[PDB]
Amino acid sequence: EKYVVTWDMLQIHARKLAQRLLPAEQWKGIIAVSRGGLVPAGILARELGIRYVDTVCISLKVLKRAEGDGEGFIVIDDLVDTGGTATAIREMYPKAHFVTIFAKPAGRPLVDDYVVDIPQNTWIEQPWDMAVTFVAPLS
């Protein structure tokens, strides 16, 4: 099964998460989990008026990481699935508020907050993977 995510709906969910993160003055910055958290981080940064945005990039190999234990930061990823990355991010940024747009059951309790529940066996098709394209009639 597929769960399709359009740009406008990703933004609806990210703005709903931003509303939950008010007031903005409680936060020092946002750390995006690359790559999935980049677009959500841009939306949160806009809504919260936060210009201090950093990244964490992991494959376990750390390609690049934001310094510190996450105190006063939001850490955002697009999805928590099995929770592999999530377990590592908690360990690296134990004082951050860790949030995602989507959560599958296995990696629901590994984040502090998320917007939308997705079943475990469903592939989430994010809008950066798609284009509006002619489709032949199903007939």
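Numbering starts at 1 and follows the sequence shown.
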Legend entry - Interval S59-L60, deposited residues with no coordinates in the entry (none, 1 to 3, 4 to 9, 10 or more): 4 to 9
Inset, instruction - For the higher mean C-alpha B factor in the entry, choose 26-34 or 100-108. - result: 100-108
Legend entry - Residue range whose averaged C-alpha B-factor is higher in the record, 41-49 or 75-83: 75-83
Legend entry - Residue with maximal Cα B-factor (values as given in the PDB entry) among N121, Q11, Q126, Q19: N121
Inset, instruction - Sorting the chain's modelled residues by C-alpha B-factor, tell me whether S139 ends up in the lowest, middle or highest third. - result: highest
